[PDB]
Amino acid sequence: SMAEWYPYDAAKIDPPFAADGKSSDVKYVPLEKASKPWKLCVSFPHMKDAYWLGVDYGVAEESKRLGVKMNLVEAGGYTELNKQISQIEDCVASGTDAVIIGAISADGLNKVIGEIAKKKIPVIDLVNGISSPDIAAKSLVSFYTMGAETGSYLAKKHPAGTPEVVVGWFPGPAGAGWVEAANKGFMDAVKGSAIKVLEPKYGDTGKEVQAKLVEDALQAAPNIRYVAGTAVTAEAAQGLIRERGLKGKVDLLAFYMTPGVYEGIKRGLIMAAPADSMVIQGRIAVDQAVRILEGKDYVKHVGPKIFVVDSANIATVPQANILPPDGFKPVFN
C-alpha cells in the first residue's frame, strides 16, 4: 500500500502554550489505531472555503484511519460565535468523549471551554488559537512563521551585496492579528538582504481591492521585481501581469496557500507560497485527542513545519497534505 502521511515534519513549542516558548523541530508520529471507537465532537467556524475543507478532510480521514467516530458541526461563519457556543454545548450534552475546536474568537469560547473541562472532557485547540487555560493541546501554526518563511525564501535569492530588488508587499487588512504577524515575520526575515520592500499596501482580501493595489503599485514603481502578499493578491495579480506584458519580469508570491495559488505555481504563473499543511493540523488534533483519552504520551503544542512550495518541489508533495483533494465534498460523520 501507498505511503502514509506520517511521520511528518513538525515544530513543537516548549513550554507548551507559552507565548515566548521555544520551537524545536520534531517528526510527528500518530498512533496506529485507537483502542476503542472514541466519540469526537469537532466544531468548525464554517465550511465556506478550501482551507476549512482541507481541515475537514484531515479530521475525517484521520478519524477513519484510527477507527474513531467524528461528529462535525460548523457554525456558518465568523459572525456566528453564539452558534458555535450552542453547537459545542449541544454536542457535549448529547454525549461525547473529546471536543476539537476551530475557534471563531480567541476568548469567546473560554467560558464554555471551562465548563466542558469541569466534566473531564479534553478540549483541543485546532488552527486558530484559543486563550483558555483549559485547553489540553494545540494543533496550529503561527502567521509570523508563514510571513518569515516567505521572506527568507526571497532573501536567499537576493543576499546582501547583490543588486537591490524591489518587492511590492500586500499583507491584507491593516491591524488584523494574522496580517500584522505575517508582516512582522516577512520584514524581519528580509532584513539585511538586497531586498527593498516598498511601504506596505494594506486592504481587504477582496479580489478587486487587491488588484487595484497591485495596479497602483506597478504604475508607481515600474521596476518592481516581486509582488508578494495575500493569496488573494497573488491570484488576482496573475491577470494584471499578463495584461501588462510583465510575465517573467515580475514574479508573484503569496504568504499562504489556496487552490488558486497552487494551480498558479503548477502553471508557472505564481512563483511560490508557504504551506501550513492545514490538513495535517486536522489529523494531529484527532491523534492528540485519542492519545489524551487513552492516557498516552502526546505532544501538547505543535504545528506542521512550514515550508515554501515552488516549481521545484510542488510535484514531490502529496496535494492532500496541504490542500483538500479537488472535488472533495465536506464530511460531517
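Quick note: we count residues from 1 along the sequence shown, nothing fancier.
Averaged over Cα atoms, the B-factor as recorded in the entry is higher for 2 to 10 than for the other of 2 to 10 and 323 to 331. Higher mean CA B-factor, judged across 65 to 73 and 269 to 277 from the recorded values: 65 to 73. Of the candidates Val112, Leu140, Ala236, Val123, it is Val112 whose Cα B-factor is highest according to the PDB record. Within the selection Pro37, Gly264, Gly282, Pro304, the deposited Cα B-factor values reach their highest point at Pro37. When the modelled residues of the chain are ordered by C-alpha B-factor, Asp90 sits in the middle third. The PDB entry assigns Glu32 a C-alpha temperature factor belonging to the middle third of its chain's modelled residues. Among the modelled residues of its chain, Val309 has a C-alpha B-factor that falls in the lowest third according to the deposited record.
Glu215: CA B factor lies in the highest third for its chain, per the PDB record. Ranked by C-alpha B-factor against the other modelled residues of its chain, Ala289 falls in the middle third.
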